[PDB]
């Protein structure tokens, strides 16, 4: 039916219409596909921002710094967003992208064990510097869209070097949507303290029949852009390609 020239044009147009520059990478089996209106972003490094929450949670659970039902208490200080002003589990923090919880979890892990775990997993440029609580927000940790989709593919298939149960626990935190028998698992990201600002949505689709299709959207966020544009472009793309 639909030519690949048309698929490429439809998906480029989604990014064009949002007046941003971005790419979305799809992986089917071993094969990577790059779509969007800025294909060269695919092998450029950007801060992972909140997408790091996935690995942060993996490391924390594996090293017994937390459990999946522990409540991280709000310390009562004003937060950037009122939705963060409450007690929550890692899983709720994952859905709300509650940075203060992931910061508390990074601190419990500590710089030393974090650096080793990040090197061990080979995540991005694997460099976390000297500040345990912000390396994924302002650098020096960086990662490419290709690396992110490969990380997602790894997690989707339990290939990261953590126990199966750790991986399963983190994955259950990432379920964001069901669409005609397809389950979408994803982590969003928005690096507000870098110039320019980077937007992420990294995840996979689990189809009815069990096949898992990893994706990673990467784009430039601009002042007065809605966060849900990351989702809308992703769903439109995955739908255009008949993945969902």
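Residue numbers count along the first chain shown, from 1.
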Checklist outcome for this item: Once average C-alpha B-factors are taken from the entry for 86 to 94 and 157 to 165, the winner is 157 to 165
Checklist outcome for this item: The stretch whose C-alpha atoms carry the larger average B-factor in the entry, 221 to 229 or 6 to 14, is 221 to 229
Checklist entry - Based on the entry's values, in what third of the chain does the Cα temperature factor of residue 69 lie: lowest, middle or highest? => result middle
Checklist outcome for this item: Tertile call for residue 120 (CA temperature factor, within chain, third-based) is the highest
Checklist entry - Within this chain, which third does the Cα B-factor at residue 199 fall in: lowest, middle or highest? => result lowest
Checklist entry - What third of its chain's C-alpha B-factors does residue 101 belong to: lowest, middle or highest? => result lowest
Checklist entry - Taking the C-alpha B-factors as the PDB entry records them, is residue 184 in the lowest, middle or highest third of its chain? => result highest
